[PDB]
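1. Opening piece of a complex, kept in its complex position:
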Amino acid sequence: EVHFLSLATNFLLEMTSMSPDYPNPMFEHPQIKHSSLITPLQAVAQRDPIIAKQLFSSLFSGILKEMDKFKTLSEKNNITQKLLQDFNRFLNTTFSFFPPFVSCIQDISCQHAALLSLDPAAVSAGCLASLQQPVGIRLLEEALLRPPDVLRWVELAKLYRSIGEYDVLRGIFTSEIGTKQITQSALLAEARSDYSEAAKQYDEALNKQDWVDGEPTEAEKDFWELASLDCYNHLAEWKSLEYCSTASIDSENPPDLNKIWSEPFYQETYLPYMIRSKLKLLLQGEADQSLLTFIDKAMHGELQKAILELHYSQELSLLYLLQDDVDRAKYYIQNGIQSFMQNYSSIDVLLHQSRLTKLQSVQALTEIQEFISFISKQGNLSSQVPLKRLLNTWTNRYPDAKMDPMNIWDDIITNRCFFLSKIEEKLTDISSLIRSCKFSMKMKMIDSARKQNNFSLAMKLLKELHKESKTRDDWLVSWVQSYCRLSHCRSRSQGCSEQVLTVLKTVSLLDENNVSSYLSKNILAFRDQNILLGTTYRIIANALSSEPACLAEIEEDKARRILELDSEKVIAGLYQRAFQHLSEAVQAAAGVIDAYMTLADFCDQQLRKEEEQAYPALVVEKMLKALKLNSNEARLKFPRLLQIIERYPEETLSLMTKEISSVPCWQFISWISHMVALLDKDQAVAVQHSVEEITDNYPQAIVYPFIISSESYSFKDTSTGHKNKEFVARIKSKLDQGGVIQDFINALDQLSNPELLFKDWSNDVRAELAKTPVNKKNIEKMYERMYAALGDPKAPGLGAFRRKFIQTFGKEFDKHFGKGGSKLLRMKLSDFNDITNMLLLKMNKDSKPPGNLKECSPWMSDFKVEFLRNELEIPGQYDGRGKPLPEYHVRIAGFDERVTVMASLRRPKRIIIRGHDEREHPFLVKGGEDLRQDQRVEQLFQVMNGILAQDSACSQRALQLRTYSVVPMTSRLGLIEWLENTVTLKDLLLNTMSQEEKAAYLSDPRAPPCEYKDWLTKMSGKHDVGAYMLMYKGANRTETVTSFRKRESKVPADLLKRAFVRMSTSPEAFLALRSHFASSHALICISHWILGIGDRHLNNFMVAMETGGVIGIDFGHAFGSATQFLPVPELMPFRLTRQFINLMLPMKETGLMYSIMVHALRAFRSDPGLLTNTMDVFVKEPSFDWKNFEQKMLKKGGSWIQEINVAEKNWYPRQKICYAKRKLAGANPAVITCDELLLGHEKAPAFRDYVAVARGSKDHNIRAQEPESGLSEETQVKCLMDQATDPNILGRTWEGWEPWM
């Protein structure tokens, strides 16, 4: 079979010699004879296999395409049945599996009509052993499109079980092999790492008796056994694994022999758990004596030997080391390393997580090799210092926490303790360092297992080590500290009832010894003990304060122990206990950061509770004495200080100055646009010395935050506020000495387009003066900003320079700015701006936007850096997170001579500037847009995926929000980072359509645009907005649903699937292009909902055509503001439309876009509150008031015009944090849209229909059949996914939001 493809194409091409066409088939002048291509084509095929596979697999389908003209209907079916029988015989009869042949038959099968039903249990057994899984997965899914249709799902599960991918594995075990009600409540409780309830409710389902409600088929009757084996294997359950593996094939006392060697399905999925569990149980010290005899009786033959030597071999090396014949084990481990290299060299290179699960065992293999090569010297044991350096290099080399699953941890730990026991025999202080090394490595194992939510695996290790931890004092106090940490962490998931019940029991255990004359000599753990008890009293006092008196009812001794430490004088006393135990440790490296920050956060949350003592004196000192050190958790909490000092101005102000002036002056550069805005605010003397220090040292990182805070700073005349304007003048005068940053910003102002700037000024003046013309001198104070930029051709020369655009615009407007100089400079009427509009329609038909070169702003086009005149240092570095190096940021060195406009409303421009590091950096410039909104939401994305990279269950999936960069240099001018080779989502879905699909989608009377518009007319009557106001009381439920399906069904189905097959052209690459798109879209759909972002239409999604991952841009409505203030609201939480569903067929939606969402939301709402603090100190900034918001919404022209009359007071920047804190702390996502549609559309006409459609029906939807508060993550994302696709909602939404695609 190694040569069969080459021989096949040789015989298939030999007969063209007896064919009459070799007549120079290019027949012209620039030819090549026909023999000069077909001869080297078959000469190259017999040298390497891949191009031969491609030649055969193309020529076969060519012949079968040509056969379909003649050879009429009756014969083709028999021919295809013969080919099907032949391919079945190939797969069943092949002996040494060849990858570019197995892939060749499974490639030519999957493109024809009758060949699809190949052999759905031979495809799996071939692809699992030739290591060509992607193509069999694609073949089986293509057969499941267009009983045999259940075993196919079993073999698809068997394929996806081998390459990781467990989310899509459990996405078919709850939708296809289902229809019962224990599999759902077991897979839901094994989705989270909760491997005890789902291994305790499989015995209850496997020992069932009655079940006459529909008897379950034999497809899940073994799947329950397999999954119970797996969920017994994950946590350390050895004795109850061998029994469940061997006690379903034969009799009770073990006859285990050729029983498992016969019926080869019994050989696959019952052997490895058995030999693994027997070896593991022998590794702790027993006799066992049962797998040795089976191995020695199977150590004959060819079949019963050439599988057990081919697969495992490492257990064989351990077993012969246990029988102590070393060179037998040496031969087997050398075969093992050769086997590992042979396995790794055949996985296709982008098939990640399979290569990780292969790469995570070389440490154990080399540990066995190191042990043998250490023990194989007689003089090695002639002293103890080789053992000493051995223990040192063993202790230094761990598998990491938080990214390695726990069976690998147990592999390394079990092998290391077995090697230690064998060395402890072969060499006879010495017998104390071995025990100390053992105990320390086991404690590292427990501390790793606590982190990644394996608590049932934690508790048994706690109780296993517990009898040893009595010989000293330090070991016992470290043990009880680890127990207290474990019971602290494992109580965060349990409900409000069992919380106090499970944290009370980790109090009385500590009344024994770690106090008997140990907390007087050592002082290091003295702090950690007080920290632990203070946090325990914090948990107890926080528990029953949520639900006040029903919680301290059901329990006698618990209530007596609580009231030992009414009904309010126990809660206040418990808070007193917590504050006292937290002030013990602070009065008693990197351990002081914890002791500071616990007291910091406890007093901060108590103050936020109290606002609805000497706590501000304890917050600021204990926080800043840790911020003096490098502390990233304390680095993000600075505006909490800048709020506590403002609202508490009486004490702790000179304290604040004395602490803030003695600090490293580089840990404020992220918060610099707060401190430079606090200057105009009174009590700014606390922030003057640090600002002067940073403008002395790093003078570049304050420039662009200072221009806007000096653009509006109107002072006071009181005696404490006179020197402040002089200090502002001092910093302004000592900054920008070269006069060059102002020229940079002026050139970027000259780069943009003034034709929309005049439109922006027109809407500004027609919205300013049209209320009542008594506003004093503001038009005369704002006309100079128009007249400097536009006017004579001498004003841009005096500002920055001559323009190629001013040569055709400022020279032009002299014959219509005469009317301006006559009346518009002294207008004071606001009665007719149609005179501006008739000139404005002239300003677009004869104008030239395409400036075609860099020469529109010639300061940058001829740069030529020469000496130190405040060199520019490209805008966008100084991220913070440590000490900067202000020499190695890339200085600007040149501007490229080509600009490109973009496709939007405004048409922004793109510049291609160069760095002194020889690279080219592209960028995009935005003329006339405020950008302290997008900068703030990128800071939110940075804190969000700083959270996400510490939860283990998202770290193993490697989930990160892919950010970008914005720089707001001055107001209305900012740079935004452009990325290379990305395409908008609408452009992907609109290029992928064929030539008549797209054209008859756009221009068509039956098109889903025009059908939706005619539906809007026929339900309401007019042809504008307000038809939406009549439609909600103009149509019932069951009419819009059918009318929505009828126009949904006119778009093609496989459009994203065709988009990912058009560009992948390799069945391996199609899998890891679809899966990455699905994972990234799941993560941004759950991260756009916590801070509720609306307006998620087509062009605000950008995908990257090199790895298929979406990027989210254009952050219009930051908090809940798409359903408050639009005229027609939107009610969906995110965008999960038809195409995002039809990409995932045949799998249902619970496979991949669901477990990502569950794990991400569990990562989010398990935090101390850093996201809540940062959302709070974002929304409490006075730069985006109602005036700035309406000025932002007026930037585009559209559905928002006027008519609020209420929302000047209804902005309410406390209720937004109230609602985001609610839907972060558990809230039904039909109630949040209910409340936020009430608070903006109270006393609206069709308010009842809005609140009805957002509510549900209690017939179809799960979002109407749930409590409005106190939900959980899986049900929360379940009703979330229900509301995202409720066809009553999507039938009534905005016509440009595109709900039908």
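-> Ah, there it is. Numbering: from 1, shown residues only, chains lettered A, B, ... in the order given.
2. CA atoms only for stretch A:61-77, dumped as PDB, please.
-> The C-alpha trace of stretch A:61-77 is given here as PDB (Å, rounded to 0.1, in the frame of the first residue of the first chain):
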ATOM      1  CA  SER A  61     -13.300  12.400  -9.600                       C
ATOM      2  CA  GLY A  62     -12.600  13.700 -13.100                       C
ATOM      3  CA  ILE A  63     -13.300  10.200 -14.600                       C
ATOM      4  CA  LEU A  64     -16.500   9.900 -12.500                       C
ATOM      5  CA  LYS A  65     -17.600  13.400 -13.600                       C
ATOM      6  CA  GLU A  66     -17.100  12.400 -17.300                       C
ATOM      7  CA  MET A  67     -19.000   9.100 -16.900                       C
ATOM      8  CA  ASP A  68     -22.300  10.800 -16.300                       C
ATOM      9  CA  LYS A  69     -23.100  11.600 -19.900                       C
ATOM     10  CA  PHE A  70     -23.600   8.100 -21.200                       C
ATOM     11  CA  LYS A  71     -23.800   4.900 -19.000                       C
ATOM     12  CA  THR A  72     -27.500   5.500 -18.200                       C
ATOM     13  CA  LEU A  73     -29.300   5.400 -14.800                       C
ATOM     14  CA  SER A  74     -29.600   1.600 -14.300                       C
ATOM     15  CA  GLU A  75     -25.900   0.900 -14.200                       C
ATOM     16  CA  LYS A  76     -24.400   3.800 -12.100                       C
ATOM     17  CA  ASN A  77     -26.100   2.500  -8.900                       C
END
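3. Quick check: buried residues in that stretch?
-> residue A:64 (16 or more other Cβ atoms under 10 Å). No exception for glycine: its C-beta is placed from N, CA and C like everyone else's.
4. Which residues does that stretch contact?
-> Residues from elsewhere that reach stretch A:61-77 (Cβ atoms under 8 Å, 6 or more residues apart in numbering): A:79, A:108, A:111, A:112, A:114.
5. Now the two most distant members of those.
-> Based on Cβ to Cβ, the longest span within the contacts of stretch A:61-77 runs between A:79 and A:111 and measures 16.2 Å.
6. Does residue A:1068 fall in a helix, a strand, or a coil region?
-> Secondary structure, DSSP: H, G, I helix; E, B strand; the rest coil: residue A:1068 is helix.
7. List the residues that contact it.
-> Residue A:1068 sits next to A:134, A:135, A:348, A:350, A:351 when contact means Cβ under 8 Å, 6+ apart.
8. Assess the claim that the fourth one and residue A:1072 are in contact.
-> So that's residue A:350. Yes. Using Cβ atoms under 8 Å as the test, residue A:350 is close enough to residue A:1072 to be in contact (5.2 Å).
9. okay, the two: which has more neighbours?
-> Neighbour count, other Cβ atoms under 10 Å: between residue A:350 and residue A:1072, residue A:1072 has more, with 18 against 14.
10. quick one: that one and residue A:106, what's the gap?
-> Look at residue A:1072 and residue A:106: by Cβ to Cβ, to the nearest Å, they are 19 Å apart.
11. swap in residue A:1004?
-> 41 Å.
12. Same drill for those two, tell me which one is more crowded.
-> It is residue A:106, of residue A:1004 and residue A:106, that has more neighbours when counted by other Cβ under 10 Å, with 23 against 13.
13. Contact partners for that one?
-> For residue A:106, the contact set (Cβ under 8 Å, 6+ apart) comprises A:118, A:123, A:126, A:127, A:132, A:135, A:136, A:139.
14. ok, which pair from these is furthest apart?
-> Of all pairs in the contacts of residue A:106, the most separated under Cβ to Cβ is A:118 and A:132 at 14.4 Å.
15. here's chain B, drop it onto the model above:
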Amino acid sequence: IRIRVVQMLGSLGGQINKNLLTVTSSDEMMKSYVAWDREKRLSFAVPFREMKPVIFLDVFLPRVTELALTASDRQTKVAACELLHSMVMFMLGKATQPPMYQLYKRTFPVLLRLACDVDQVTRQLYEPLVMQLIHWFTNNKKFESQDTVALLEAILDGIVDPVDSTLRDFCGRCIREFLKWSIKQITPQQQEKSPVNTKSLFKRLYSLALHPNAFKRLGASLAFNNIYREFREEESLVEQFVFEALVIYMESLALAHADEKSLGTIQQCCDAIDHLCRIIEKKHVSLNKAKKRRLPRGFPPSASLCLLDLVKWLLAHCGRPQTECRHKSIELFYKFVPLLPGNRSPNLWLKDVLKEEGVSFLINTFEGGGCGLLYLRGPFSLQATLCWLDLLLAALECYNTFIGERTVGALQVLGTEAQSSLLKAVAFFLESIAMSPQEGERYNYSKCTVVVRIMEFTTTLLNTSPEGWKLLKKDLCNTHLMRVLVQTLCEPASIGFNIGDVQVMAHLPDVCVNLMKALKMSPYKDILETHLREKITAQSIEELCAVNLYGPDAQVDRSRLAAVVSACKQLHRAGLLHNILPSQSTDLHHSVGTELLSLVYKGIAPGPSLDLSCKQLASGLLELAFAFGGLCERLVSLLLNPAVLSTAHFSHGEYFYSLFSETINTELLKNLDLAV
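-> That brings us to chain B, laid onto the chains above:
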């Protein structure tokens, strides 16, 4: 090797180990794992006897194209090259009856990497193919279409890249073929429109040339070295672009100031400008007129730019602190002055304009814009200090050729009648010249590269007109310049001259001795005598010439001897040794010389082992000991000696002859007829 890879990868750890595969998995591999064109072309129809099915000839293009570069078997490499050549001919023949430039942009930059790779027979193929399809693409039957721009950018993307030094000189030949065939075919009745024409290529060259990248100017210079064979040997095209763009080649040369000396860019740009200055002196020796000329980057606009403003821009930029531009501009100033219609010379011209344009006007174009703080006495490398040092060096090397030539005088340009700033600047410099470690020696090199220029300036000022001695001050006649001169004479491991170089370490004793010879004829030889008469005296020699010499002392005593040995040898080359050290009131025979000879004679007597540097020191000392006087009769009397040196007893004179045997013979052959 593979077993060692897996063993080290195992012992490397667990948090380190998974750095291996997780780089990105999409950098270069996910440009080979993607399609080339969306809608397929190239339908091949293998003709059977009756059927003729159709085969799409794209699906095994990106594997043939990878076989033909790294095959590691010349039985399949020639198969893949034959298949790829036939496939290129087929896909070229298909499109001439289906746009495929998305295929051209990935099948053209592999033809060059084939066509100049290693092997000779795959060089005999693919060289005429890619030299023929240039002739086809640069024809009017396929002119100005998008397919030719793919070839041109394929050529340029070849010419500027890291490590393909066998390919860049091939892309030069492609540009030469391009330029030849792009005027061999296009006719001037239609050669006024093309954006891939000659002049568009020239603007592409200049926009390449002013680039902060290191390689995009090396690419422009390779292009110009390949197009200077044309652009001069035909007429009616030369007098427009590059006879202005000589300044842009010189400005790219200036921009190449601090890249690397070992890059290979200065040697290319110097030849690039010289290959054209050897044609400006073949036509503009005669052809000079006020025709319609084109303006380059920097000059004021006019109607003609004949020659006279180019040399004025040069003489206004001869103090430009970019050194490789400054050298070429001064050199071109000297070889461009004698081509005015007066057939002038520098000696008439510069004084002829200095009398009638202002005395400070030829001062500020020498001092530059950097004439206008004790924070630098700590030895460090603040970027202000290095740039001021560069300005000072420009101001220092500007005068060094105009005074040294007969173009100007010395007391004319300098003196009290002008009140310049360099005379004060060097005295400011000579205060703390003799005074984060990774940037200290970076400051030390550029500090030490200017004291040599100071010494050369002090040399060249005197020996051209010795009537203006007293215009300099006396701080240079004091314990700063006559301190650093003794420093660079004996032990310049103090003022910053590190050793580990080969240029300045070899160039110190060629400038110290010529400076001293430039001061013995000076009237102030007495300051030199009274300074140097304090360090190399007889008592200092006998306190350096110790009594314990050959032991475990490796560096110390032999170094302390070798310092004054090198010092006196430099003095003897200078011809100033009897103006420092005279002998006793006796005969010729210098007493220090007789003492040194007796010392080396009686040292090897026992009481002896050796080394290599000990013998080098002994040979240097015994070579100095003959430089004092005649002394050869004493040497022969030493050689013929009947003493007996016993050993657990050979001759005691043959040993002393046998060790050295070269210095003795070359001293005996220095004087004849009184030796034999």
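16. Re-run the earlier check on the contacts of stretch A:61-77 with chain B in the model.
-> A:79, A:108, A:111, A:112, A:114, B:46, B:51, B:52, B:53, B:54, B:55 (Cβ atoms under 8 Å, 6 or more residues apart in numbering or on different chains).
17. what separates that stretch from the chain centre, distance-wise?
-> 50 Å (Cα atoms, centre = their mean, to the nearest Å).
18. Could you tell me the phi and psi values at the nearest residue to residue A:553 once chain neighbours are set aside?
-> Leaving aside its chain neighbours, residue A:553 sits nearest to residue A:559 (7.5 Å; criterion: Cβ to Cβ, 6 or more residues apart in numbering or on different chains). For residue A:559, the backbone dihedrals (degrees, to the nearest 10) come out as phi -70, psi -30.
19. likewise residue A:969?
-> According to degrees, to the nearest 10, residue A:969 has phi -60, psi -60.
20. and the contacts of stretch A:61-77, which are buried?
-> A:108, B:46, B:53, B:55 (16 or more other Cβ atoms under 10 Å in any protein chain shown).
21. and these as CSV, adding distance to residue A:564 and secondary structure?
-> Formatted as CSV, the buried ones among the contacts of stretch A:61-77 follow (distance: Cβ to Cβ, whole Å; DSSP: H, G, I helix; E, B strand; the rest coil):
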residue, distance to residue A:564, secondary structure
A:108, 79, helix
B:46, 93, coil
B:53, 91, coil
B:55, 88, strand
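22. Farthest-apart pair in those, please.
-> By the measure Cβ to Cβ, A:108 and B:46 form the most distant pair in the buried ones among the contacts of stretch A:61-77, at 17.2 Å.
23. What is the burial count for the closest residue to residue A:919 other than its chain neighbours?
-> Once flanking residues are discounted, residue A:919 sits nearest to residue A:890: 7.7 Å by Cβ to Cβ, 6+ apart. Neighbour count for residue A:890, taken as other Cβ atoms under 10 Å in any protein chain shown: 16.
24. close enough to count as contact, residue A:890 and residue A:913?
-> No. Residue A:890 lies out of contact with residue A:913 (Cβ under 8 Å); the separation is 10.1 Å.
25. what residues are up against residue A:444?
-> Applying Cβ under 8 Å, 6+ apart, we find residue A:444 in contact with residue A:398.
26. Which positions in the stretch 351-500 of chain B make contact with chain A?
-> Residues of the stretch 351-500 of chain B found near chain A (Cβ under 8 Å from any Cβ of the partner chain) are B:383, B:384, B:387.
27. make it 10 Å
-> B:369, B:370, B:383, B:384, B:387, B:391 (Cβ under 10 Å from any Cβ of the partner chain).
28. Report the contact partners of residue A:596.
-> A:585, A:586, A:621, A:622, A:623, A:624, A:625, A:626, A:627, A:629, A:631, A:634 (Cβ atoms under 10 Å, 6 or more residues apart in numbering or on different chains).
29. what does residue B:440 give?
-> Taking Cβ under 10 Å, 6+ apart, we find residue B:440 in contact with B:378, B:379, B:380, B:381, B:496.
30. Relative to chain A, how far out is the second one?
-> It stands for residue B:379. Distance, residue B:379 to chain A, by Cβ to the nearest Cβ, to the nearest Å: 19 Å.
31. Test my guess that that residue contacts residue B:494.
-> No. Counting by Cβ atoms under 10 Å, residue B:494 is not a contact partner of residue B:379; they are 11.9 Å apart.
32. Could you pull out the residues contacting both of these two?
-> B:434, B:435.
33. so what secondary structure elements neighbour whichever helix or strand residue A:780 is part of?
-> Applying DSSP states H and E as the criterion places residue A:780 in helix A:778-789. Secondary-structure packing of helix A:778-789 (3 or more Cβ pairs under 10 Å, 6 or more residues apart in numbering or on different chains; DSSP states H and E): helix A:755-768, helix A:795-799, helix A:817-822.
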